[PDB]
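Since the structure comes first, as structure tokens, the remarks are kept for the end.
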8 protein chains.
Amino acid sequence: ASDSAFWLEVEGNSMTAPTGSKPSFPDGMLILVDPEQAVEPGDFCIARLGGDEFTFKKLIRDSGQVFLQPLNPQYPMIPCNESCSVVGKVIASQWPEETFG
Amino acid sequence: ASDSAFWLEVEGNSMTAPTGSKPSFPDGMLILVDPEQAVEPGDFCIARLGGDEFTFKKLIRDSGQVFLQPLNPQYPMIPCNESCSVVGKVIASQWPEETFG
Amino acid sequence: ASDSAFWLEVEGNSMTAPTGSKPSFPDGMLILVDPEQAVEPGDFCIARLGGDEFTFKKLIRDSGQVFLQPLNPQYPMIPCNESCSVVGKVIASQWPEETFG
Amino acid sequence: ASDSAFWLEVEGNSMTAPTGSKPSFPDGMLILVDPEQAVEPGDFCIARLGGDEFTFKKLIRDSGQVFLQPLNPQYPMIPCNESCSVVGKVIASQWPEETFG
Amino acid sequence: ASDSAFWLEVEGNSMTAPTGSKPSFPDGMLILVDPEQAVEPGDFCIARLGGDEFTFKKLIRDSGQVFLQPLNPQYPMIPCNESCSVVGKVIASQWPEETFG
Amino acid sequence: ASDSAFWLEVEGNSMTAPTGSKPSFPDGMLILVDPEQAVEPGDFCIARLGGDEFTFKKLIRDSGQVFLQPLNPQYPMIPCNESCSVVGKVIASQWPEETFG
Amino acid sequence: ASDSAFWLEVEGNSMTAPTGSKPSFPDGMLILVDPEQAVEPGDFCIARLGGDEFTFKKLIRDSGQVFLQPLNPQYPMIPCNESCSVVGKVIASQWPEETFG
Amino acid sequence: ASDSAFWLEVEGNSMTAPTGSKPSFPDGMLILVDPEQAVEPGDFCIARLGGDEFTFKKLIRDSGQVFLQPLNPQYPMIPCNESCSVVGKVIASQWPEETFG
């Protein structure tokens, strides 16, 4: 984990996989982003889209096109082109300790 | 966090909550069981059962009786009695690092 | 595979995993049910309910109880006991050849 | 199947059909690819695209134009012209025997 | 088709199957409901729910339970128990003739 | 309808519309083509490209030019000119009766 | 349009219908919300969900269950229960004048 | 907004931009054309084409040439010379009241 790496809190159900599926990062979890580790296809990541919303998706590649895919199928998959910048690789995820009291 | 504390890999959907509610411990996650800590009502814990098979659940109390309750509505509740014995309180949970490649 | 093993065509969506998750046996696939192989937990199988109902689920164990689980979340889980006899272990599955012209 | 046919393992969601539609080739399945058999419109194939990257899709024809179409609605469709080259016809598909342990 | 049969205009995406799966009854189509024909598992129907409101879905049976299942994945399946009653079997569908003006 | 009208089973997803759009003619349905009725813009029809294979689209006029339009946005629009010959207007569509058990 | 009625700017693509569908409200358009007009199934409303955040969607109901549905089939259809509160009916939508030079 | 200006109902996808890009005038919208105003390059206008057939497009200037550019990349570009005359400027667009209920 580089010095640059920072923590973020999963906010949304976009990355919450269907029951029985894995991995899954339910809204509430923490994810460690590390701007210094490249993001390869199949890796999870944070990416800044148009305007300023960062997103947490699985970066995939199909037919030469790169998409940011959600673990929740009920959500949209999106092309990652011009206004799509990968900020860093998600290298870890754990529930915050409060979660256990 | 005690020294008798150990890691276990969640294997099942019993602790997988309906999308939206939290927390949620999906099959494949890592939980840290600490025997040297008590399981107060509402805490998450491991419990050795008859044939000595662990069970991941939430300890709840209802009239001098103690129950092991799954976060997955589909999974039935279970009364903790003769062969039932808490093995420790779950204090942490994270995805194995292999998860992030 | 015993000389008693037999093929069956999956008919239904009880074993159809959510896009992204495996395995999955969509309606249309074939499955080899071997009556002579024991069904350990975590194994896919063909069980009979009542006496004439053929069911295709994943046999599991939660909190000391055995359940026939569907790979399709929307479908209810079911406890396997008295009127629930395992018919055989699913040991292979493939699409029927016609599937390809 | 020709002696030049090999097995590939599906990696992705592009060929995963929505519940109800068939066939479907979810990530993790094995597909037999025969480079000696030709791919007629409607067949399932592997094709080499731009940077020579392989892609598993359905070859279709519409309005006298050829397309590589995914079984999964979320994925885009691609015109199979110049930099599109067919590697082989998909002729079999099954889960690896590990699937049933 | 009995003398009691009547047509209903499909209102809603409940029975719209995803692209590539058939059949599909998109919002706008016509369905001939016949109250005098029994609805076997597999058939499409109109059932009246506890609310006392009408619903259009596919009736299925799994592990002994009966459900009214939609063709659109985004919609929930529902057990057809007490407050669930079959109004009639859906036996034909077509676009109104205005569709082609 | 004229005596020149015949039935055609829609084959392909060119005329399948996005969920929540109408009309829509999913692969599987039956469209009634009547060669004797003029195909006005906004009408559905069967056309011939290169004087051979049929294309089932929606004739339209934009900026003085004519195009055969697919109800599926993924499919490209195609200019109807020289090698483009309209075979007849689509006047009715329905699911074959087998569809309903 | 009551006094309470206020204007919001559509932000996002949850209500951008697929090319060739209607209505549709691309990110950028304005929408008049009137808290004083009820919202019947089929209406376009503004709801406030859990996180104290607002959503613009079409209220619908299926099998006696209310859902907030998006015009974009990509996005998810969410059940509107406990934490879901309908704030107002959307009764108008127009682009801002700046739009047109 | 002049006395000569009038409302028109957009009919077509010619002016339906790709999701994300704005503006976008989906088939079904109302656009207000003001004959009295001039259509500077970049503005949206109406145009009489030959035998009196309207066209909704954007007025661009490429190579000292005045074309009619569509917002839908799928639709061909058209030059506005002889048999092409502007009919006014699009100064406002909005959805018909009937759209909301």
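Residue numbering restarts at 1 for every chain of the structure tokens, chains are lettered A, B, ... in their displayed order, and ligands are numbered from 1 as they appear.
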
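For the pair chain C and chain H, the all-Cα root-mean-square deviation following least-squares superposition comes to 0.6 Å.
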
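Using only C-alpha atoms, we find that the part of chain H lying within 12 Å of chain A comprises residues 19, 20 and 21 of chain H.
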
Name the residues of range 1-55 of chain D that come out as strand (DSSP E or B) in a backbone DSSP run; write them as a PyMOL selection string. chain D and resi 6-9+30-34+44-48+54-55

Just write the chosen residues, N, CA, C and O atoms, as a CSV table (one decimal), in the first residue's frame.
chain,number,residue,atom,x,y,z
D,6,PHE,N,-9.7,-26.5,-29.7
D,6,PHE,CA,-9.3,-26.4,-28.3
D,6,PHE,C,-10.4,-25.8,-27.4
D,6,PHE,O,-11.4,-25.3,-27.9
D,7,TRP,N,-10.2,-26.0,-26.1
D,7,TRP,CA,-11.2,-25.5,-25.1
D,7,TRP,C,-10.7,-24.2,-24.5
D,7,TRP,O,-9.5,-24.0,-24.1
D,8,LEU,N,-11.6,-23.2,-24.4
D,8,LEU,CA,-11.3,-21.9,-23.7
D,8,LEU,C,-12.2,-21.8,-22.5
D,8,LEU,O,-13.2,-22.6,-22.4
D,9,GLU,N,-11.8,-21.0,-21.6
D,9,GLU,CA,-12.7,-20.8,-20.4
D,9,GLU,C,-13.3,-19.4,-20.5
D,9,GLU,O,-12.5,-18.4,-20.6
D,30,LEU,N,-16.7,-23.7,-19.9
D,30,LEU,CA,-15.7,-24.1,-20.9
D,30,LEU,C,-16.4,-24.1,-22.3
D,30,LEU,O,-17.5,-24.7,-22.4
D,31,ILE,N,-15.7,-23.6,-23.3
D,31,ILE,CA,-16.3,-23.6,-24.6
D,31,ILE,C,-15.3,-24.2,-25.6
D,31,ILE,O,-14.1,-23.8,-25.7
D,32,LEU,N,-15.7,-25.2,-26.4
D,32,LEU,CA,-14.9,-25.8,-27.4
D,32,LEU,C,-14.8,-25.0,-28.7
D,32,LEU,O,-15.8,-24.8,-29.3
D,33,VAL,N,-13.6,-24.6,-29.0
D,33,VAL,CA,-13.4,-23.8,-30.2
D,33,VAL,C,-12.7,-24.5,-31.4
D,33,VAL,O,-11.6,-25.0,-31.2
D,34,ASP,N,-13.4,-24.7,-32.5
D,34,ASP,CA,-12.8,-25.4,-33.6
D,34,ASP,C,-12.6,-24.4,-34.8
D,34,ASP,O,-13.5,-24.0,-35.4
D,44,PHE,N,-22.0,-19.3,-32.7
D,44,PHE,CA,-21.3,-18.7,-31.6
D,44,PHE,C,-19.8,-18.9,-32.0
D,44,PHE,O,-19.4,-20.0,-32.5
D,45,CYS,N,-19.0,-17.9,-31.8
D,45,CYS,CA,-17.6,-17.9,-32.2
D,45,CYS,C,-16.7,-17.1,-31.3
D,45,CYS,O,-17.1,-16.5,-30.4
D,46,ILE,N,-15.4,-17.2,-31.7
D,46,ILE,CA,-14.3,-16.5,-31.1
D,46,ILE,C,-13.8,-15.8,-32.3
D,46,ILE,O,-13.8,-16.3,-33.4
D,47,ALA,N,-13.5,-14.5,-32.2
D,47,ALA,CA,-13.0,-13.7,-33.3
D,47,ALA,C,-11.9,-12.8,-32.8
D,47,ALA,O,-11.9,-12.3,-31.7
D,48,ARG,N,-10.9,-12.6,-33.7
D,48,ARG,CA,-9.8,-11.7,-33.4
D,48,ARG,C,-10.1,-10.3,-33.8
D,48,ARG,O,-10.6,-10.1,-34.9
D,54,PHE,N,-8.9,-11.6,-28.6
D,54,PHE,CA,-10.0,-12.5,-28.8
D,54,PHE,C,-11.3,-12.0,-28.2
D,54,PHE,O,-11.2,-11.2,-27.3
D,55,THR,N,-12.4,-12.5,-28.7
D,55,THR,CA,-13.7,-12.1,-28.2
D,55,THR,C,-14.7,-13.2,-28.5
D,55,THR,O,-14.7,-13.7,-29.6

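CA of residue 59 in chain F sits 10.9 Å away from CA of residue 88 in chain F.
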